[PDB]
Every structure is written in C-alpha cells, then in structure tokens.
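Chains as they are written, first to last, in the numbering used here: chain C, -10 to 742; chain Z, 17 to 767.
Yeah, the Cβ is synthetic: ideal placement off N, Cα and C, and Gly gets one too.
This report concerns only the one structure given below.
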Ligand SMILES: CC(=O)SCCNC(=O)CCNC(=O)[C@H](O)C(C)(C)COP(=O)(O)OP(=O)(O)OC[C@H]1O[C@@H](n2cnc3c(N)ncnc32)[C@H](O)[C@@H]1OP(=O)(O)O
Ligand SMILES: CC(=O)SCCNC(=O)CCNC(=O)[C@H](O)C(C)(C)COP(=O)(O)OP(=O)(O)OC[C@H]1O[C@@H](n2cnc3c(N)ncnc32)[C@H](O)[C@@H]1OP(=O)(O)O
C-alpha cells in the first residue's frame, strides 16, 4: 500500500521483531551475579515477602510494573480485530508509559470476549502487577469489565479509552470557561458519540460542577432522550436527557460546549451559527475532526477549539493523563485510581496551562499543556499522589515532595526528552512570533534523504523549506518518491532567481581581493551551495542545511566564504550525545584539523555558551592521551587551552590536559586527580585534533546505544549547518529541528538590533 | 545471613526488582512515536488481522515466554504464595534471557484451583510464543500441564517436571555407554515422588529402558501395583509389579539410583549391594543423598551426579529449557512434544562426548557444564529439527548455518567472550598437567591489584608473584582482609637468587644504550625492570603492571628489556564487546603518530589476534575522510591499507574511511560500494594516539559495552600495562587475557 505504512511495517519487523525487550536491571554476567539473582540467593527476598507481603514492592518490579491488557475488540479506529492483531498497539502503549513516566509495562492480549471469562482470567493476575491499564475493549463490555475489576482487584484498574479524553478535555473546558467568564453550573453541553469516552466525559464534567440536565447525549440515532427504546442499553441511560430536542442540530441550539466523539464533517456551519456566544468546540474524532479550527473560526470568530490533532492548537492527547496518573498511583503503592485522583490530574493539567527564552501564552489557543511538555509529570504525578493518600487509598506516604520531583526528573533524562523539548521550543518560538516558521534553504533539492526528512518536517511545523534546483526535476523526484506533503514548497533555480545578480554583486564585493571577480562571482552564485549561503547572509532565508550528498569541506566552504565567522569566533563542528543522566557536547568534530591552544579555547567557549542555552552548567575538559602531564605536544596544547579558556571565562569549570574517562567520570577524577578543578564530570569535551573528534563521535553514534545529533556548525554569523553525508533521514530530521532553533535565535537577535 | 543480606540489597538497590521493559527500536522523537503507536502501528495490526500468523513478524511474540507460577512449590521453600514467588520468577526470566536470549514476562497467579488457573492461563495465548510453568506443587501441576498442553496451541512446559529428567537422561545415556550397558537391561529405582519423578521414568523408557525394570519409591516405600496407602492417578503411572517393598530391597542388584529425595537416604548397605559400576544420581537439594567422595568410599566403581556445582556431573535445569524453548520458538511450534525433549537429551549427551580444546569424557564428565557456551548452538537446532520432523513446527528452518549464525548472534561476545576466555585458560592449564601461569605483579602493594587477585587466585586463573618489601605487602594484604593471598609468593628484587644474573643480562642488552653495570644493578632493583627481566628469562610466564603508575613509565622498562619481535611494533589493543560482534581498537597506547607502514603492521597484529578467536578479521584504516586520499592522514591511511593488503592479500583491508563508514555495512554499500570491505569492519586502526586513546576510553565510559584492554602487542614475551584508571574488575579481565597470552607463548616456545 502507501509509503508511511510500509515504513511502519519495516519499523516493526526489522532487527528484533516487535517493539519491546525485557532486560536485567542488575548485573548478571558472572556466575556469582546469578547466584544472587537466582538460587540460592533469590530465596532471601522470597522468604521476606512471605513473612511481610507488602515487601513484594521492595524486592520486585511491581512498584513500577503496569499491565496493558486488551482483547482487541476496539483497537484504535480499526474496531474489533482480535487480541493478537491488537498486540502491536499494546506494545506501543507500553512504550508511551516508559517514555512519559518511565513505567515498565507488560502487554497482555487475552483471547476472551466473554466478560465473565475475561474478568476471571485477569483478576487473578494481581500479584504480578502494580496497576492495570485496560485498553481497547469495546462498549458496552468495557463498562462492565472496568466496574467489576475496579473493586474485585486490590491494585488500580483504569481503562484509558474511557477516561483519558474526559480528564484532558475536562482541564481544557475548565480553562475555556475561565476565559469566557462562564461558570459551569450554567454551562450547556452536548456530547456527540456514545463510545467508551462519552459517559466518562459527562461524569467528569459533572464532578467539575456542570449539571446533568444541562447535558445532552447523542449517538447514531440522534439525541439520547429519556424513554427511548431504539438502540439503548443500561449505560446509555446513565445520562439520557429529558430534553425536547431530538436531532443533533436541535440539541446544539443556543449551546455552549460541543464535545465531538464521532465522525468528520458531522458539525455543520448551520449548527455553529446557533451556539451561544464564545462557543467551545471539542472536535475529537479520528482521523479527521468534526470541523477544522479554520472552518470553525471562519463560521464564528469567537470560537474556542480543541482537536485530537497535533496539527492544531489545544490538542487533547491521552498521553497527558495516564502516565502521570499511574506514576502517582504506583509511587504511593495505591489500591485504586479513584475519582479524587482523576480530578486531581484534571486540575493539575488545567493549572499548568494557566501559568530560558519564550513560553506558551495562556489563552484561547492554549488551554492545556502540550504533550511534549516535560513539566506535566512534575506537576500532575504529585497531585495524583496527594489525592491517593488524602483518599486513603495510598499505602505508602510521600513526605519530601522536592525529593519526589527529583525522583520524577530522573525518569525524564535527555535520552528520552531532549529532542522532544527542542521541538517544543521551536513551537514556542514560532507561536510567540505570530506563528511564522523559520525559512530554511536546502541547496540539495533532489536529495532523497532530504525530501523524505522534509515530509516529516513540514508536517510538524518545524520550518518552511525552500529547495534549490531545477523545478521540473525536483517536482519529478518528489512525485517519484510519492511525497505529496511537498507540493506547496518553494523551489528556486539560482540563476533565474530575481535577486541573483544583487547576490553576485555582494559576493564580488566580499571576495574581489580573494580571487573572485564578477565573472567568477556569477559562476559561483549559480551553485546552490553558494546561492543558499547568500540567501541566508542577505536575509532571504533564516537558515540553511547542506551536505547530505557531498563531502563536508565542499559543502561547508561556501558557508565560510559567504557568511563568515563572527568576531573572534571559530568555525567548529559540535555534536550532542544524549545519555540518560546527562548529555555530552563534543567539539570540534568537523572543521579544524589541528587547532591551536587558542583555537581549542575558543571552541570550548562556543560549546559552553550553547550548553548554557539549554540551562546546563557547562563543565569543560580539554581531552588528551595524557593526565595532567603538560608534556611537549598534545598535552601542553590542551593544558594551555584550559588555562586560556579559564582566563576568558573564569566562572566555568574548565580543565585539561586529561584522558577521556578521567574527564567524564567524576570518581576517577576524585580518586586520581583531586587537585583538578573539574568536579562532577565534564559535559563538554573538546578534542586536540580532527581525527579524535570525528572518529569518536561517529563510533559512539554507531556502536554506543545513545542518540547523537549533529554536527552543528558553530562560530559563524548566520544560521547554517552541514550534515554528515552518512546521515540517515531521521538524522536529518533531528538536525533540522536544531537548525530551526539556531535560525529562530539569530533572527530574534537581528530583530533586536 | 550475610549471603542473605547481600542478596536482599541486590534486589533492593537502584531500581526495585531485577527486570525492566525497554524498547528495542527508537521511540523518543515525534516520528518514532508516530511509528510505534498511532497512526503507523495500524499497519502491522491491519496485517495481522488479515493473517494471524504475522503476529510473529511484527511483535515480540516469537521471543516472548511467560514464566507462570502460583508459588505453591517455590524452589525449596514450598507453598509460599504468588507475590512471594515473584523474585524467583523474575530470576527464571533472567536465566532465559542469558542462556537463550529469550524475553520473559514473569506471571505470578493467585489461583490454587486447577480449573480457574487453567482458565486464566489458556486465554493469555495470543500474548506469548510459549508458556513455561514453574514451581507449582504436585499433583496439581500434572493436571495443569496435561490440560494446558491440550488446550493451548503454543508450547506448554513445566520445567520442574521435565528438567532433571532430560539432563539426568543425557547423563544416564553416557554413563551406560562408559559401562557397556544397554538401556533394555538397566535396572533403575527412583526415590521420591515429587514433580520430577514421573518424567524421569518416562524419558528413561523413551531412551530404551523397560517399564518392568523401573521401580518408583516415595516416603512410605515402593510404589507397587495394588498399593492403596497415599496413592493417586499419577503415582500409578509407573507402579511396579515388583515383590520388593522397601527401598533397600529395590536397590539390591540395581544399576541406577535416581534420588529425588532427602539427604542421607542412600546408605552404605543398599549401596554395597547395587550392581557393578553403580550409577548414582543424588539430586536432593540442599544436600545430596550422598556426597561423591563417600559414595566412592563405599563403592570405588561408582559414577555420581549431584544437583550441586561443587561436584562433577552437575544436573541443572539450565541445560534444558533455554535451548528447548529456543528451538521451539524459532520453528514457531505449537508444542514441545516428547520427540523434542529427546532431541535435547541426545544432543546434550553427544556434546559431552566430543574455546580451543575441551574436557575429557569419562565418569567425571557425563554431561556439559551448565555454563558451557556451546550448549545453545548444539541443542537448539536438534530441538528445532525434531519439531519440524514431528510436525509441530509451523516455520521450517532451511539454512542450518544461517540458524547457527543467528544463535551466535544471540550468544554474542557481550555475554560470552570473557566466559570463553576463562574456560580457555582453564583448559590450557588442564591440558598441560595443571600448571597455572606465573604472572608477576610488580605493584605488590597496590590495593586494586590485590583485590583483583582475590578473584584471580580463587578462580584458578594464575600463580601470582607480588613484588615489594615482603613486610609491607603482607601488611597491606592483612589490612584489606584478603585471606586468599597468604600463600602468594612475594619477591624483593635485590633479595632474589637470580637477581645478579638478571642485572648482567640487562647490562649486556643496554651497555651501549646508556647503562653500565652500576646503573644496571640500580635499575634491576626497580620492580618494573625486575618483573620485565623475570618474564624475559622465563622465571615468570607474564606480567601485568600500571595500576599505580602512568603508562609510559610502566611500559618503558618492558620495551627496553623484553622488546619487540621481528618486524613487530609495540601497540596497545582493545576489545569492545558488543552483542553481535567484538571490535578491535589499535594502537591505543604507545605510538603518538604511527606512519603508514606502522599502521599496516599494527593492523596485521590485530588481525592475528582476531584470528586466534576464530573470527575473520576485517580491517579499516580510520580517518576523518572517506576515500579522499588528500595530503595528511587521509593519504596515510589509504597507503596503510595498501601496504597491509600487500602483506596479507587474503584479507579485507580498506581505507581511508570514516568510523561510521567502517563499522556500518549499509553506509558502505550505500556510498562506497567500490570498496573491498564488506559486512562491516571488526578491526579499527587509528591514525594517531589521541584518536585511539580517547575513542576506547569514551566508548568504555558512556557506551554500554564492556571494553577490555589495552593489551600490549608486538612484544616477544607476555606483558601488559593497565590503564591507571582501571577498576578492579578491569584488572581481573586484563589478567585473564594476560594468562592466555602467557600460555600461548609458552606453548609456541617449546617448539
Ligand atoms: C560530518 C563529517 O563527517 S566532517 C568530515 C571531516 N572534516 C572535513 O572533511 C573538513 C576538514 N577541514 C577542511 O577541509 C578545511 O579546514 C576547510 C574546508 C574547513 C577550510 O577550507 P580551505 O579550503 O582550507 O580554505 P577556504 O578559503 O575554503 O576557508 C573558508 C573561509 O572560511 C575561513 N576559515 C576557514 N577555516 C577557518 C578556521 N579554522 N578559522 C577561521 N577561519 C576559517 C577562511 O579564512 C575562509 O574565508 P576567507 O578566505 O575569505 O578568509
Ligand atoms: C592506557 C593509557 O592510558 S596510555 C596513555 C597514552 N600513551 C602514553 O602516554 C605513552 C606515550 N608514548 C610514549 O611515551 C613513548 O612512545 C613510549 C613510552 C612508548 C616509549 O618512549 P621512549 O621514552 O622513547 O622509550 P625509550 O627511549 O626508553 O625506548 C623504548 C624501547 O622500546 C623501542 N621502542 C619504543 N617505541 C617503539 C616503537 N613504536 N616501535 C619499535 N620500537 C619501539 C625502542 O627501540 C627502545 O628500545 P632501545 O633502547 O633498544 O632503542
């Protein structure tokens, strides 16, 4: 079938099949380690737990192990396809738990559509798990199953499909009512859809203060009125209204809030006209919402809008709810997830939306936190903890809350969140600038890697790409690769660009005494690399990305000739290694073969200032094959480099010469060279020659199991980066994210002066 | 209680428990999640809905085993409960991952009733590729297993029932082969009616024993046909028509005793009256029915197996389930039938009757050791073959070499490289009459060195010789409380008999390099110089230094004393132990800026070492460039590769190239298919000391791979200098490989 589907298929099938693997968190390499992990040593925890059962939480994974359980009768938007065919989404859901709350998950697909047998099978699994996440079970069975297992089991039971939308949209409505000066007891709500999510929406809205009579529920047969027989059951009567309205159009007349849990296009302009002033629209249907935010505001300008789409503001995404909720539950070793806790989550999210460089402004286009916000865990998980204890369902009290947030941050390290946060920041930047995306030029307009990355990139609003090349030939490669998301992208052929000759004049004037006269300037300016560099220089672009298809020197050279270094700056490649507790910055990985002490120092200063952009204390090591010897050669160079750097930046920890492990490992430093002023391990590593840097970062990238992003060109006046030609597509995507950042930053600085 | 306390903290420290579920694929970024979850995840779903079998292609199913228990028969603690059994189930899981690379969900079920238990497990089938029932008390377990085996279409296997049967079965085959018995005539009595017994009888009969020649006993005595007292459906399976009623009566003239019982049950009288060449399987835990020394005291002709590791012929289940399930899953089988269990038995037995060299088949080696790295490669394919032949397989394995490759991928260097080294050292010693390698450690007062030596002498790795003032070294040894080193030889250099002969030698070597006799004497008083000379003159087999001194100062007296072999160059070499492969990095320590020629020779040295471990070396000359050959190191590395290829035309040697280009074959094929390096490189030669040194140290710290070394190559005798940043575990590894280098050199010298 399609391209994206094929990618997903290969994603699941390549290497190890599936998306999860169960590994040891403790040593198990030697026979002794196994004598502790298994017999005869493993008897010790058992004996303990046998005598004091609660201690299962102390000696086993339970305190962080959640079950994602399903019979696959309501998978995503695919319906009743079976448990086995539902296994990939349950593995996926597990991944969300791990990435957002650091929770371990076993995905359990049960072959039981009978409620009775499903519950009998699951109930009895309780000793194994810290909590149960029911997922993708069709209505009305899911209601019966969750209600039953919620009490029969002494660990939390939570069907996300029912309550996620209710919780998140609950927060969104709290804030929207606050903006429009509504009080909920008077708010008239209409819910369209009778799936698993609808009932929980009405209940949560009432828990927040809305009145039942002011809420009207609809399904495929229309308004769910009291006394209806056609297509009803026990649970659809739970919120049947005694309203006179019978069609969807009639329920929404003079209405305040629309909660759409149905089908695309279901909400019509006629319906919109007859809502109350400042109508609140939740169009949560999948794959397309009941109406797009643009159509809704087109019909009625005072509207407030939320979707399940990330393309549009106010995305309600279930990922805002279950990770923090289960987190709070597990850390308090709670017996359930009750209404007090769900409400605690609702309010925590809502409050979070209502409160470095830029930040999202609270308003009609910002009603709830963004999914890639690292603070949701920090804010929500503890309020859930608090609510669990206050309700008495917690069995373990949390006393030190700061210490608790430390424990939560540890769960959210750079290997999980750095890129996520970068992307968010790009979004805060564009949003805070009236929404324009940075204009980024790609001189390699026919590069397969580049076009494929741009698909991802344009879809997620990271930049506005401009491609360079012959328009017919690039439109052709784009069609051959079947990437339709790029039919709008600007394509420019340099020689026929209107600003071409002014560009050549500029290059000429810049390099007329460096071997480039008008003839030659014209020649060079016809080259996309040069044209791109000049667009960036002249402000016709906010940044540029090249080198996907040629060696670094050739790609970087026009950048250095056109844009040049800023005062005292030095052109230098820099990469991030995204580890779990920290990230390391490596420089210079691309430009300088054999930098002097002076040059190494400046590189250090540049990397340092970048690290600071990310709110980290840079701690710098000048790497060598030597430990504090200062011997003739590389040792003296790196020692002097550290000395110079410290003189220009006396506030920073900068040390050298030292070996790499001495540098990154603080115990080694304290045990062997405690006189060193570098403490806590360095996070910035500058190399003595191009061999060491280029080789190190590439090896780490290939055989280490840590993401590394870059190289990023530092030292230059305007925004430009040269990819490693060995890059992957996902690599280019990460690169362009950070180029979008650099571009946004530099544009901001230019607009100040 | 101290071992107990250690185990407790082991479980309590860091993350509670012993397991965590991690992603095997990228899933941090927006794109990655759009593939791991909605909307991309719809694609595999839609596929599986269409063809349920594809659940094996797009999910962990084909490598996921449930270790399921209710905690009614946990280890040797009995009916202790589901929550209390959780630690051993996680543990069992760790064993699955380590011995077969199988992922496991530990499932502790709160159900003592057979019908509800079975109803809960039956319905989990879509989740797992197989079910390993564990620690469920008899007789429930019998009913449960038979039932779920019928009801479920994925393999069902209660290891407690069949493990001892299978392993001791292999053992019995071999023991009978040594003693020239045919199974048809062998008289067996098995003592104990636990979960293990019936399956023992069943497997023995499958191997050729007659039901009539087998007697079962429990606490009340012989299980005869027509006995009523305390019998049940399953104790009837092997009721004998024997006239014997006591155990002692059954064992009279018997060939085999299978003890699945209690300590002391086998007595000299019943033992005296077993047949000639009695076979004793004393597998009670914690203590055997009888110790091997006492059984041989009573009957010298006895062959003995225990469940304990202290003694030869250990019967341990860990030899069974990992390959059994491996074979099962890889053929995507619907069950584990008797045919497969037998395949396991026969393969285990054959493997024992066959690293560089191995053990001697006889009465003290009837089966492989539990930690034999050959087991998975040997057993899993025979299980698979049996699975296919018996029709329970749903996916045929076509290429057996491709399959053994895949199993090697599962049991890669990160799990077994050091293990195999240790085994190889042991077998070298063993094949050479038990002499341990003489390794001299000049830093006799180094705490890190002493701590490593504890493990080293404990594990029969070498004969250490410490250097320093005997007083101060014993003083520190007592201070650190390491009692295993009260026997170790300690030498004060100037007080050694061969001291002056050593100084003369140094003199004659360096009399024209700035050293006359006085100076020679003076230097030879230095432990580093003394150690070097000791190794040189053969008064030691090797040396390891550099724990408390910088590398240059440590390595210099070695190079001045022992020196390089012809055409050789001193070079530091490291291994990176990854999961699919190991990488070799050189030269990581000595040469600041090796020439092309030097880089070539370094390459050759690394190559020969890799070949020593049975790998095809593939060499990349690293640069900041891809096949540019520009002035500078690119040119140097291109030339280096050309020279290497000239000296070893049979090898894949290529350059100049970047590191990702080198280790990654896709990059290479995508960008530089003209190159002669195919399949990724495993030997990486660096253009300078900065790059090599920084690389191995960085990888070691932030990478998640063990890195071992540096090892000094190019020198005439076995000597290595540690990185001063080494940890103690680092020193034990280093000394392992030093022992190997030492053994090898001694062997070639005797030629
Ligand atoms: C991602 C990867 O895999 S990276 C691959 C490994 N790295 C490489 O292949 C690149 C290695 N380095 C080089 O090739 C060279 O140092 C280059 C290309 C960066 C310099 O280019 P050269 O051909 O030597 O001189 P060139 O005229 O092109 O210099 C470019 C411009 O920037 C300036 N410039 C170049 N390098 C520097 C530097 N370290 N510091 C300050 N200014 C510099 C120059 O002055 C020049 O501007 P100007 O001539 O108008 O004054
Ligand atoms: C694990 C880690 O962290 S390593 C840290 C980084 N590595 C280092 O710091 C060591 C840096 N390298 C060096 O300092 C030098 O290369 C050393 C120590 C290897 C040798 O340096 P020198 O001071 O010249 O040694 P020295 O002059 O005493 O001679 C060494 C002996 O070995 C020989 N030798 C030394 N290097 C070599 C070589 N690459 N090739 C062949 N022979 C050599 C010499 O012939 C000499 O013997 P000779 O006296 O008969 O001529």
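Beta-carbon proximity of residue i to residue j, cut-off 8 Å
i, j, result
"residue 161 of chain C", "residue 337 of chain C", "no"
"residue 232 of chain C", "residue 240 of chain C", "yes"
"residue 298 of chain Z", "residue 304 of chain Z", "yes"
"residue 110 of chain Z", "residue 27 of chain C", "yes"
"residue 705 of chain C", "residue 552 of chain C", "yes"
"residue 615 of chain C", "residue 588 of chain C", "no"
"residue 652 of chain Z", "residue 678 of chain Z", "no"
"residue 81 of chain C", "residue 70 of chain C", "no"
Start and end residues, beta strand (DSSP E) containing residue i
i, result
"residue 454 of chain Z", "454 to 457"
"residue 608 of chain C", "608 to 612"
"residue 406 of chain Z", "That residue, residue 406 of chain Z, is in no beta strand (DSSP E); it is neither H nor E in DSSP."
"residue 725 of chain Z", "722 to 729"
"residue 506 of chain Z", "505 to 507"
"residue 709 of chain C", "709 to 711"
Residue i in three-state terms, based on DSSP
i, result
"residue 165 of chain C", "helix"
"residue 416 of chain C", "helix"
"residue 573 of chain C", "strand"
"residue 237 of chain Z", "strand"
"residue 295 of chain C", "strand"
"residue 139 of chain C", "helix"
"residue 264 of chain C", "strand"
"residue 183 of chain C", "coil"
"residue 355 of chain C", "strand"
"residue 131 of chain Z", "helix"
Buried or exposed (CB count within 10 angstroms, at least 16 for buried), residue i
i, result
"residue 90 of chain Z", "buried"
"residue 790 of chain Z", "The structure shown does not extend to residue 790 of chain Z, since chain Z is modelled only from 17 to 767, so the question has no answer here."
"residue 602 of chain C", "exposed"
"residue 670 of chain Z", "buried"
"residue 519 of chain C", "buried"
"residue 491 of chain C", "exposed"
"residue 98 of chain C", "buried"
Residue i Cβ short of 7 Å to ligand 3 heavy atom set
i, result
"residue 640 of chain Z", "Looking at this structure, you won't find ligand 3 anywhere; what it does contain is ligand 1 and ligand 2."
Host alpha helix (DSSP H) of residue i (start-end)
i, result
"residue 454 of chain C", "From DSSP, residue 454 of chain C is part of no alpha helix (DSSP H) but of the beta strand (DSSP E) over 453 to 457."
"residue 679 of chain C", "679 to 692"
"residue 59 of chain C", "Not the alpha helix (DSSP H): residue 59 of chain C falls in the beta strand (DSSP E), residues 54 to 59."
"residue -8 of chain C", "-8 to 2"
Closer than 7 Å: residue i CB and nearest ligand 1 heavy atom
i, result
"residue 542 of chain C", "yes"
"residue 683 of chain C", "yes"
"residue 57 of chain Z", "no"
"residue 579 of chain C", "yes"
Distance cut-off 7 Å: residue i Cβ against heavy atoms of ligand 2
i, result
"residue 601 of chain Z", "no"
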